[PDB]
Every structure is written in C-alpha cells, then in structure tokens.
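Engineer: here is the input, now give the coordinates:
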Amino acid sequence: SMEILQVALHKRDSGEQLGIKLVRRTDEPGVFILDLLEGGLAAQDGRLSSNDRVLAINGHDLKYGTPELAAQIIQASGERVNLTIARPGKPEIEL
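Structural biologist: Numbering: from 1, shown residues only. Next up is the structure itself:
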C-alpha cells in the first residue's frame, strides 16, 4: 500500500531551498527523499519524510523523473512549491 498526499511549502525568497535531499534509486524508478536538512522549510513543515517518492511538483510530473529535473522545477518555482508524494508501506511492522 501507499499514502498519496500533497505538501505545500512556501519560499520566503526566490532563492530559498526546500531543505530536501533528493535521490534516484538503483532498483526502482522515481525521485525519492533521502532525508531532510536541519531547520529547512521541509523539516519545519514536518510532513515530508525519508523514502517518500515525489510524483509531481507544481503539477509537473516526476514519476519517471530525475533529481536534476526536480532541481530545475524547484529553482524556477514561484513562492509556493506543492509536492505530490507517495509514501509506501507500513509505518510499523512487528517481525
């Protein structure tokens, strides 16, 4: 299973970063959050998480995208940056 959710962050200046480390993976397609940067917009917002898959940013499809394409979109964005995320899997597993 997965959860699909939308997270809107707001840049306080046009050059503000989101505070997200984005990666590609060697065994599945997509752009993924590895982790968030301390004190960044994403961390302050709280919602985004390690292992989230970024499906789109500002309506721009990233399902089969790259970190580079995400970077291009974010750097050119206006103040509102909306990320559509897929969060796979269970939050707790007893094993």
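
Engineer: what comes up buried for the one helix or strand residue 73 maps to?
Structural biologist: According to DSSP states H and E, residue 73 maps onto helix 67-76. Residues 67, 69-70, 73-74 are the ones in helix 67-76 that count as buried (16 or more other CB atoms under 10 Å). For the C-beta atoms, the positions are set from N, CA and C on the backbone; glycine is no exception.

Engineer: quick one: residue 33 and residue 19 touch, right?
Structural biologist: No. Counting by CB atoms under 8 Å, residue 33 does not reach residue 19; the two are 10.5 Å apart.

Engineer: ranges for the strands of this structure?
Structural biologist: 2-10, 20-23, 32-36, 53-57, 60-61, 80-88 (DSSP state E).

Engineer: out of those strands, which is the most enclosed?
Structural biologist: strand 53-57 (a mean of 20; mean count of other CB atoms under 10 Å).

Engineer: could you give the angle of that strand to strand 80-88?
Structural biologist: Relative orientation of strand 53-57 versus strand 80-88 (axes from the mean of the first three to the mean of the last three CA atoms, to 10 degrees): 150 degrees.

Engineer: how close does residue 85 sit to residue 95?
Structural biologist: Distance, residue 85 to residue 95, using CB to CB, to the nearest Å: 25 Å.

Engineer: cool, residue 31 as well?
Structural biologist: Residue 31 is 29 Å from residue 95, by CB to CB.

Engineer: these two: which has the busier surroundings?
Structural biologist: Just comparing residue 31 and residue 95: by other CB atoms under 10 Å the higher neighbour count belongs to residue 31, 23 against 2.

Engineer: if we can go back for a sec, turn the strands of the chain into a markdown table, columns for distance to residue 46.
Structural biologist: Formatted as a markdown table, the strands of the chain follow (distance: least, CB to CB, whole Å):
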| stretch | distance to residue 46 |
| --- | --- |
| strand 2-10 | 9 |
| strand 20-23 | 13 |
| strand 32-36 | 9 |
| strand 53-57 | 17 |
| strand 60-61 | 24 |
| strand 80-88 | 13 |
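
Engineer: now, which of the buried residues of helix 67-76 sits nearest residue 26?
Structural biologist: Among the buried residues of helix 67-76, residue 67 lies closest to residue 26 (CB to CB), at 13.4 Å.
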